[PDB]
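Undergrad: One structure, as structure tokens, below. Some questions next.
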Amino acid sequence: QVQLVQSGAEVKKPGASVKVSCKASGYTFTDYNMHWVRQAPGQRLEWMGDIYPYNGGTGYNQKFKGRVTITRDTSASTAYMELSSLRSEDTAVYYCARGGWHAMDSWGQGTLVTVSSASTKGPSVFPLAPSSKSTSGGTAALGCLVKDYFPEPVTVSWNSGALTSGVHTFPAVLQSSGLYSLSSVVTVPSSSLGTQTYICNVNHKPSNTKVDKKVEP
Amino acid sequence: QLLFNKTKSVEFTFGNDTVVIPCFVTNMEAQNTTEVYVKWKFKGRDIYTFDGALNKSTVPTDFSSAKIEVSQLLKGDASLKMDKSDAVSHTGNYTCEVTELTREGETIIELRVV
Amino acid sequence: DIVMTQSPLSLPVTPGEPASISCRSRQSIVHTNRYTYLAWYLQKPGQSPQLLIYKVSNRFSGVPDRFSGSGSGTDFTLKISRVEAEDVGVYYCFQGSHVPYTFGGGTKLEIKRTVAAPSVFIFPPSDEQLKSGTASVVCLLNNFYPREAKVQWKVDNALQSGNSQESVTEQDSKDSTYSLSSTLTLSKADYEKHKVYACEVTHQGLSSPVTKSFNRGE
Ligand SMILES: *[C@@H]1O[C@H](CO)[C@@H](O)[C@H](O)[C@H]1NC(C)=O
Ligand SMILES: *[C@@H]1O[C@H](CO)[C@@H](O)[C@H](O)[C@H]1NC(C)=O
């Protein structure tokens, strides 16, 4: 299986630097060319450079002249990308992208780095318990709500990946004090609320918090 | 980003009833011919192109004998086979341009009197 | 940098109808090699981009026959025979001739479904957060279409403003539907002062207003 795994999301203050990994598996690393693509609001996606893992040759976007360095490691089949002296312009999802000389054919998760001088805060999570008021014709709704966290992103999985049908994770809204809030919901049968258990997994990597909550009716 | 087993030059004679211009790819990952696109050229334009998506061989009038063997195109071999007719006529720098989906490499090889 | 323009920026299409996206460039993207590498990509909702068309009109491994690309030098156009619910997202043209490589603005594809009635739910605040000094009440509307939906909050038959937030998902790649969850936030003190907390919802798919409610401590 062709699969590209990069590092987790990061937080930096302006003037610092960030180095994003991209481990490759399912193919021979030096057989393909690898690109780096970023999506920054509210601009287009921007090809930042490339690296050929066999020879080590590189080619960059001179939009980033003097502050990007794309490196290579074939011992681990991992390509790297360093971006120095950060500002509020660079906060975006960075895509590691495998392909040929002039096209990318498979991409990674994406790495969202937030450049800010505010302090990182760990989420607090609370059950959204199903009730007489949250049942409609044999179908029941439940979920968790992740509140007061900064920055983005928060990742929410249910039953560590075993429950994905009917999952609705909303985009986060921003509150007056500067923190984010999103709600994760899933729909289940109301007949079987006492025998089965539904556990949300919420992971916010910048602050390295992994909390798991079982919600009960 | 394709690799080859290089061959700087190849020689032919009049005893050679047909001639072969080798071109081997060491890292082509295509499992079917739909994905492969070959393009041979010699001092300019495409003597021979094979569109794997349509399986259409195209040959100029002055290279009606040129051909490759598709039964080993997936094995990495896309070597042109013609005859002395259009070989003696045309001797020089031939180039093997192979394309598999998004990736593409190329190589060139050189094409004895009494 | 070679600017690339696409049109439209959004395309309402019912599945079974064609949809064409064009992307033009100020200056030609033809390379010395006499090839022109324009690649069409789509970022599915929630998923990183994927390739459909490379080199103007050559499709990728596994893409249906129904995605076809055309155009020369300046003008290009991405066409599809018919769109399906699986085609939701936004599409990018991408040039592969001159460094730096550039992308397009992005044409977003939307699926036109029949009318779908929301399913409305409400969630009392958790006991572990009323111990923290806050009380958030969550009203959620689930798989409705179209997205235009009004959510009003009532606390003791009084209507509220200034303490609500709303959140709508992307369109689904299978049933072409949206959902939205409204977060109403209170302090713990101001929460223990009222009794009935209602969630009024109005949408074209509803015969009449739907009101979901609960009483504190019930
Ligand atoms: C290298 O090229 C030669 C040329 O004839 C070929 O016989 C050989 O198989 C190639 N190497 C591999 C590993 O295929
Ligand atoms: C063509 O000539 C080369 C060079 O001597 C020789 O190796 C090859 O066997 C010849 N081809 C045939 C079919 O005899």
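Labels used: A, B, ... for chains in the order of the structure tokens, numbers from 1 for residues in each chain, and numbers from 1 for ligands as shown.
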Taking only C-alpha atoms into account and nothing else, which residues of chain B lie no more than 9 Å away from chain A? Please answer as a VMD selection string.
TA: chain B and resid 1 to 3 27 to 28 101 to 104
Undergrad: Show me which residues sit within 7 Å of ligand 2 when counting only C-alpha atoms and all ligand atoms, and put them as a list in words.
TA: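 Selection of residues at most 7 Å from ligand 2: residues 11, 12, 13, 16, 17, 18 and 19 of chain B.
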Undergrad: Kindly compile the residues surrounding ligand 1 within 10 Å, counting only C-alpha atoms and all ligand atoms, and format them as a ChimeraX atom specification.
TA: /B:4-7,22-27,75-77
Undergrad: Looking only at helix (DSSP H, G or I) from DSSP on the backbone, list the matching residues of chain B as a PyMOL selection string.
TA: chain B and resi 33-35+61-63+70-72+84-88
Undergrad: Using only C-alpha atoms, find each residue of segment 32-121 of chain C with at least one atom at most 12 Å away from an atom of segment 180-199 of chain C; report its shortest atom-to-atom pair and that distance in Å (one decimal), sort the rows by chain and rising residue number, and return the result as a tab-separated table.
TA:
```
residue	atom	partner	partner_atom	distance
C:118	CA	C:180	CA	9.5
C:119	CA	C:180	CA	10.4
C:120	CA	C:199	CA	8.8
C:121	CA	C:199	CA	8.7
```
Undergrad: I need the residues from that last selection saved to file as an mmCIF file, in the first residue's frame (with N, CA and C atoms), if you can.
TA:
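File written: out-v4.cif
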```cif
data_model
loop_
_atom_site.group_PDB
_atom_site.id
_atom_site.type_symbol
_atom_site.label_atom_id
_atom_site.label_comp_id
_atom_site.auth_asym_id
_atom_site.auth_seq_id
_atom_site.Cartn_x
_atom_site.Cartn_y
_atom_site.Cartn_z
ATOM 1 N N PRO C 118 -34.378 17.608 8.321
ATOM 2 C CA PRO C 118 -33.452 17.439 9.448
ATOM 3 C C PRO C 118 -34.009 16.508 10.515
ATOM 4 N N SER C 119 -33.098 15.909 11.276
ATOM 5 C CA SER C 119 -33.418 15.217 12.518
ATOM 6 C C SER C 119 -32.788 16.008 13.657
ATOM 7 N N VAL C 120 -33.623 16.513 14.565
ATOM 8 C CA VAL C 120 -33.209 17.501 15.558
ATOM 9 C C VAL C 120 -33.024 16.829 16.911
ATOM 10 N N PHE C 121 -31.899 17.123 17.560
ATOM 11 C CA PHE C 121 -31.564 16.620 18.886
ATOM 12 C C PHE C 121 -31.008 17.748 19.745
#
```
Undergrad: If you take only C-alpha atoms and a cut-off of 7 Å, which residues of chain A touch chain C, and what are their nearest atom pairs and distances in Å to one decimal, in chain and number order, as a Markdown table?
TA:
```
| residue | atom | partner | partner_atom | distance |
| --- | --- | --- | --- | --- |
| A:44 | CA | C:105 | CA | 5.8 |
| A:45 | CA | C:103 | CA | 5.8 |
| A:46 | CA | C:102 | CA | 6.1 |
| A:47 | CA | C:101 | CA | 5.8 |
| A:61 | CA | C:100 | CA | 5.5 |
| A:102 | CA | C:96 | CA | 4.5 |
| A:103 | CA | C:96 | CA | 6.5 |
| A:105 | CA | C:51 | CA | 5.7 |
| A:106 | CA | C:50 | CA | 6.5 |
| A:107 | CA | C:48 | CA | 6.6 |
| A:108 | CA | C:48 | CA | 6.9 |
| A:109 | CA | C:48 | CA | 6.3 |
| A:126 | CA | C:126 | CA | 6.2 |
| A:127 | CA | C:126 | CA | 5.9 |
| A:128 | CA | C:123 | CA | 5.9 |
| A:129 | CA | C:123 | CA | 6.7 |
| A:133 | CA | C:122 | CA | 6.3 |
| A:134 | CA | C:121 | CA | 4.6 |
| A:170 | CA | C:169 | CA | 5.3 |
| A:171 | CA | C:167 | CA | 6.3 |
| A:173 | CA | C:167 | CA | 6.9 |
```
Undergrad: Just write the chosen residues, N, CA and C atoms, as a JSON list (two decimals), in the first residue's frame.
TA:
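This went into part_17.json:
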```json
[["chain", "number", "residue", "atom", "x", "y", "z"],
["A", 44, "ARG", "N", -3.87, 30.55, -2.87],
["A", 44, "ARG", "CA", -3.81, 29.28, -3.57],
["A", 44, "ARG", "C", -2.79, 28.34, -2.93],
["A", 45, "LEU", "N", -2.83, 27.08, -3.36],
["A", 45, "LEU", "CA", -1.80, 26.13, -2.98],
["A", 45, "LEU", "C", -0.51, 26.52, -3.68],
["A", 46, "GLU", "N", 0.61, 26.35, -3.00],
["A", 46, "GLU", "CA", 1.87, 26.91, -3.49],
["A", 46, "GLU", "C", 2.95, 25.83, -3.46],
["A", 47, "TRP", "N", 3.38, 25.41, -4.64],
["A", 47, "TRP", "CA", 4.51, 24.50, -4.75],
["A", 47, "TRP", "C", 5.77, 25.19, -4.25],
["A", 61, "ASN", "N", 11.09, 27.04, -4.74],
["A", 61, "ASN", "CA", 10.34, 28.23, -5.10],
["A", 61, "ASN", "C", 11.02, 29.43, -4.46],
["A", 102, "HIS", "N", 6.99, 16.66, -13.01],
["A", 102, "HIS", "CA", 6.06, 17.79, -13.13],
["A", 102, "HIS", "C", 4.65, 17.45, -12.65],
["A", 103, "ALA", "N", 4.50, 16.45, -11.78],
["A", 103, "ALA", "CA", 3.19, 16.14, -11.22],
["A", 103, "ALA", "C", 3.36, 15.30, -9.97],
["A", 105, "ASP", "N", 1.42, 12.40, -7.57],
["A", 105, "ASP", "CA", 0.42, 11.36, -7.73],
["A", 105, "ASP", "C", -0.07, 10.75, -6.42],
["A", 106, "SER", "N", 0.57, 11.07, -5.30],
["A", 106, "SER", "CA", 0.10, 10.62, -3.99],
["A", 106, "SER", "C", 0.61, 11.59, -2.93],
["A", 107, "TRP", "N", -0.24, 11.90, -1.96],
["A", 107, "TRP", "CA", 0.04, 12.94, -0.98],
["A", 107, "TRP", "C", -0.14, 12.40, 0.43],
["A", 108, "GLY", "N", 0.39, 13.14, 1.41],
["A", 108, "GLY", "CA", 0.32, 12.76, 2.81],
["A", 108, "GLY", "C", -0.87, 13.35, 3.55],
["A", 109, "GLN", "N", -0.91, 13.06, 4.86],
["A", 109, "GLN", "CA", -1.92, 13.64, 5.74],
["A", 109, "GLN", "C", -2.02, 15.14, 5.54],
["A", 126, "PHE", "N", -16.26, 16.89, 27.25],
["A", 126, "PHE", "CA", -17.44, 16.61, 28.04],
["A", 126, "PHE", "C", -18.43, 15.74, 27.26],
["A", 127, "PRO", "N", -18.96, 14.70, 27.90],
["A", 127, "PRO", "CA", -19.99, 13.87, 27.27],
["A", 127, "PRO", "C", -21.19, 14.68, 26.79],
["A", 128, "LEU", "N", -21.69, 14.31, 25.62],
["A", 128, "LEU", "CA", -23.02, 14.70, 25.15],
["A", 128, "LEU", "C", -23.89, 13.45, 25.23],
["A", 129, "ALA", "N", -24.48, 13.23, 26.40],
["A", 129, "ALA", "CA", -25.16, 11.97, 26.67],
["A", 129, "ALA", "C", -26.46, 11.86, 25.88],
["A", 133, "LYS", "N", -34.60, 13.07, 25.03],
["A", 133, "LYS", "CA", -34.69, 14.21, 24.13],
["A", 133, "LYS", "C", -33.84, 14.07, 22.87],
["A", 134, "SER", "N", -32.98, 13.06, 22.78],
["A", 134, "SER", "CA", -32.08, 12.91, 21.64],
["A", 134, "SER", "C", -32.32, 11.61, 20.87],
["A", 170, "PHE", "N", -17.67, 18.42, 13.37],
["A", 170, "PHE", "CA", -17.92, 19.73, 12.79],
["A", 170, "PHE", "C", -16.65, 20.54, 12.74],
["A", 171, "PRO", "N", -16.61, 21.59, 11.91],
["A", 171, "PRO", "CA", -15.46, 22.50, 11.96],
["A", 171, "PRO", "C", -15.52, 23.34, 13.22],
["A", 173, "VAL", "N", -15.37, 26.37, 15.80],
["A", 173, "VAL", "CA", -15.70, 27.78, 15.86],
["A", 173, "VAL", "C", -14.80, 28.43, 16.90]]
```
Undergrad: Any idea what's packed within 6 Å of segment 15-24 of chain C, counting only C-alpha atoms, ignoring anything in its chain fewer than 2 positions away? Could you give it as a PDB file with N, CA and C atoms, in the first residue's frame?
TA:
```pdb
ATOM      1  N   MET C   4      -2.850  31.285 -13.000  1.00  0.00           N
ATOM      2  CA  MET C   4      -3.854  30.435 -13.625  1.00  0.00           C
ATOM      3  C   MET C   4      -5.237  30.749 -13.076  1.00  0.00           C
ATOM      4  N   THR C   5      -6.172  30.983 -13.993  1.00  0.00           N
ATOM      5  CA  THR C   5      -7.534  31.394 -13.689  1.00  0.00           C
ATOM      6  C   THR C   5      -8.508  30.256 -13.942  1.00  0.00           C
ATOM      7  N   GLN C   6      -9.392  29.983 -12.988  1.00  0.00           N
ATOM      8  CA  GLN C   6     -10.457  29.025 -13.242  1.00  0.00           C
ATOM      9  C   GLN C   6     -11.829  29.676 -13.103  1.00  0.00           C
ATOM     10  N   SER C   7     -12.792  29.078 -13.802  1.00  0.00           N
ATOM     11  CA  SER C   7     -14.183  29.523 -13.814  1.00  0.00           C
ATOM     12  C   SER C   7     -15.125  28.350 -14.088  1.00  0.00           C
ATOM     13  N   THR C  74      -2.884  28.219 -23.901  1.00  0.00           N
ATOM     14  CA  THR C  74      -3.596  29.204 -23.088  1.00  0.00           C
ATOM     15  C   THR C  74      -4.850  28.634 -22.428  1.00  0.00           C
ATOM     16  N   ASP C  75      -5.759  28.074 -23.196  1.00  0.00           N
ATOM     17  CA  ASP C  75      -7.008  27.632 -22.612  1.00  0.00           C
ATOM     18  C   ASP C  75      -6.980  26.133 -22.364  1.00  0.00           C
ATOM     19  N   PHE C  76      -7.589  25.738 -21.258  1.00  0.00           N
ATOM     20  CA  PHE C  76      -7.784  24.343 -20.917  1.00  0.00           C
ATOM     21  C   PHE C  76      -9.150  24.212 -20.273  1.00  0.00           C
ATOM     22  N   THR C  77      -9.671  22.992 -20.283  1.00  0.00           N
ATOM     23  CA  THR C  77     -11.000  22.739 -19.746  1.00  0.00           C
ATOM     24  C   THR C  77     -11.074  21.306 -19.251  1.00  0.00           C
ATOM     25  N   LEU C  78     -11.550  21.135 -18.020  1.00  0.00           N
ATOM     26  CA  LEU C  78     -11.808  19.819 -17.451  1.00  0.00           C
ATOM     27  C   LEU C  78     -13.298  19.523 -17.560  1.00  0.00           C
ATOM     28  N   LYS C  79     -13.632  18.411 -18.206  1.00  0.00           N
ATOM     29  CA  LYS C  79     -15.013  18.006 -18.400  1.00  0.00           C
ATOM     30  C   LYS C  79     -15.235  16.617 -17.820  1.00  0.00           C
ATOM     31  N   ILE C  80     -16.473  16.367 -17.407  1.00  0.00           N
ATOM     32  CA  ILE C  80     -16.898  15.074 -16.899  1.00  0.00           C
ATOM     33  C   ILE C  80     -18.183  14.680 -17.610  1.00  0.00           C
ATOM     34  N   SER C  81     -18.325  13.390 -17.919  1.00  0.00           N
ATOM     35  CA  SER C  81     -19.547  12.936 -18.573  1.00  0.00           C
ATOM     36  C   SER C  81     -20.749  13.207 -17.681  1.00  0.00           C
ATOM     37  N   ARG C  82     -20.719  12.665 -16.464  1.00  0.00           N
ATOM     38  CA  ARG C  82     -21.722  12.951 -15.452  1.00  0.00           C
ATOM     39  C   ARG C  82     -21.057  12.960 -14.089  1.00  0.00           C
ATOM     40  N   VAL C  83     -21.574  13.776 -13.230  1.00  0.00           N
ATOM     41  CA  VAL C  83     -21.117  13.821 -11.854  1.00  0.00           C
ATOM     42  C   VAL C  83     -21.960  12.871 -11.019  1.00  0.00           C
ATOM     43  N   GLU C  84     -21.318  12.312 -10.001  1.00  0.00           N
ATOM     44  CA  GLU C  84     -21.909  11.373  -9.069  1.00  0.00           C
ATOM     45  C   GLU C  84     -21.661  11.925  -7.677  1.00  0.00           C
TER      46      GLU C  84
END
```
